[PDB]
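Before any comments, here is the structure.
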Amino acid sequence: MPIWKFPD
Amino acid sequence: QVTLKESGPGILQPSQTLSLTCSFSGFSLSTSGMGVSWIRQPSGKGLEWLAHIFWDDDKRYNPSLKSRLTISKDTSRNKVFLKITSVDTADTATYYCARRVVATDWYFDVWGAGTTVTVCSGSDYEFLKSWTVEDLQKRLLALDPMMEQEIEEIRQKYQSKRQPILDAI
Amino acid sequence: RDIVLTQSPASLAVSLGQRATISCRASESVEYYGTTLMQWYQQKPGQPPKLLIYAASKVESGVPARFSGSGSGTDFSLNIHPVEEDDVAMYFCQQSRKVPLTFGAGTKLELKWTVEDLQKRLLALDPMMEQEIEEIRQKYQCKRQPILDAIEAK
């Protein structure tokens, strides 16, 4: 699962 | 290859605004998943993250400094900017920018080499205007010999470090 | 709140050929759904920090096989074996689990021979000198520029 921004 | 370069004013008087620029090449910050952070290493301390800006202009800040920081970008000139308001001696540091690209992990893949900013200690503007021209000129010309002696100590210190190496070669 | 990274040692004096180990302990877990958001970077004087290890144990391309990362949860370590001249550097850990991103305070790895290694060491002295002189120059520009600005205003 890509992390597009920060880990959420 | 991908290069990032920080630029700044070098020195800055206290209470002024710090304007930093990260000039990059080899990629576009408009590409989906790209982002750039600003980071700093204060004098005698460890590194500290300041802010990050994503390809879609989403901005994240260090909560301890948020009220002082403004990150922004101009993708038409491949530039990222940082503004720090009301600087003091705690803002003397080497400032770095670094890229992160979308992945399943989260890491900076490329950094700049950094730019050093010194926040100046003591020089009251109204006080120095009250000085006469001769006093100002005398102090200025006196500053050169002192800086040169400090630099020469460094040069001698490092020439003696080169000698054991140069002999073994 | 913030994840604090405690990195040790601050300074590591090692012999060429030995094992060097650098430790990072996090104040809370940096794990995130099957990945561990802990990085190790190397920094030479005047050069961009270089990524060595990401996700705790993954080696980045172009990194010598002498470097390895390990750890889980809160305890991480960077291992360099055997130590070579090119490994004299500053090293730091970095977590990406929570904002704000945070860094270890750094480990300065110093040494206590081929011509290539001796030239690398000779070359390595110049950016350190340049950094020390630049600090001197900026300190004195702090004193000169207010004076020059006072004269120009007059």
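Cβ coordinates were reconstructed from backbone atoms using ideal geometry, including for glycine residues, and neighbour counts include every protein chain displayed. Basis: the model, the stated rules and, where named, an outside source; no laboratory instrument gave them.
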If you check B:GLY122 against the conditions, is it surrounded by fewer than 14 Cβ atoms within 10 Å (Cβ to Cβ) and under 21 Å from B:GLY44 (Cα atoms)? yes
Which pairs have Cβ atoms under 7 Å, sit 6 or more apart or on different chains, and link a residue in the stretch C:68-91 that is assigned to a loop (DSSP other than H, G, I, E, B) to one that is crowded, with 19+ Cβ neighbours inside 10 Å? C:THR74/C:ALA26; C:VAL83/C:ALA20; C:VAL88/C:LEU109
Quick count over the stretch C:1-28, residues being within 12 Å of another protein chain (Cβ to nearest Cβ), surrounded by fewer than 18 Cβ atoms within 10 Å (Cβ to Cβ) and not in a strand (DSSP E or B), is 4
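Filter the stretch B:1-13 down to residues that are touching a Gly at 6+ places or on another chain (Cβ under 9 Å) and part of a loop (DSSP other than H, G, I, E, B) and give me whichever is surrounded by the most Cβ atoms within 10 Å (Cβ to Cβ). Working first, answer last.
If we filter the stretch B:1-13 for residues that are touching a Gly at 6+ places or on another chain (Cβ under 9 Å), which is where we start, we get B:1-6.
Narrowing the set further to residues that are part of a loop (DSSP other than H, G, I, E, B) leaves B:1-2.
Numbers: B:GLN1: 6, B:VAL2: 11.
Across the stretch B:1-13, the extreme among qualifying residues is B:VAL2.
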Out of the residues in the stretch B:31-60 that are part of a loop (DSSP other than H, G, I, E, B) and within 14 Å of chain C (Cβ to nearest Cβ), which is surrounded by the fewest Cβ atoms within 10 Å (Cβ to Cβ)? B:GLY44
What pairs come up if the first residue lies in the stretch B:35-51 and is outside the structural domain of B:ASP105 (by TED's automatic domain parsing), the second is basic (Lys, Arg), and their beta carbons are under 8 Å apart, counting only those six or more places apart or on different chains? none
If I ask for residues that are over 22 Å from C:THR114 (Cβ atoms) and of a type in the set (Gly, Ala, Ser), which ones from the stretch C:42-91 would you list? C:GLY46, C:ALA55, C:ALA56, C:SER57, C:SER61, C:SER68, C:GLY69, C:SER70, C:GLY71, C:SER72, C:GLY73, C:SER77
Looking at the stretch B:158-169, which of its residues are surrounded by fewer than 16 Cβ atoms within 10 Å (Cβ to Cβ), at the interface with chain C (Cβ under 8 Å from one of its Cβ atoms) and assigned to a helix (DSSP H, G or I)? B:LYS161, B:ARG162, B:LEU166, B:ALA168
Regarding the stretch C:112-129, can at least one residue be identified that is within 30 Å of C:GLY34 (Cβ to Cβ) and more than 7 Å from chain B (Cβ to nearest Cβ)? no
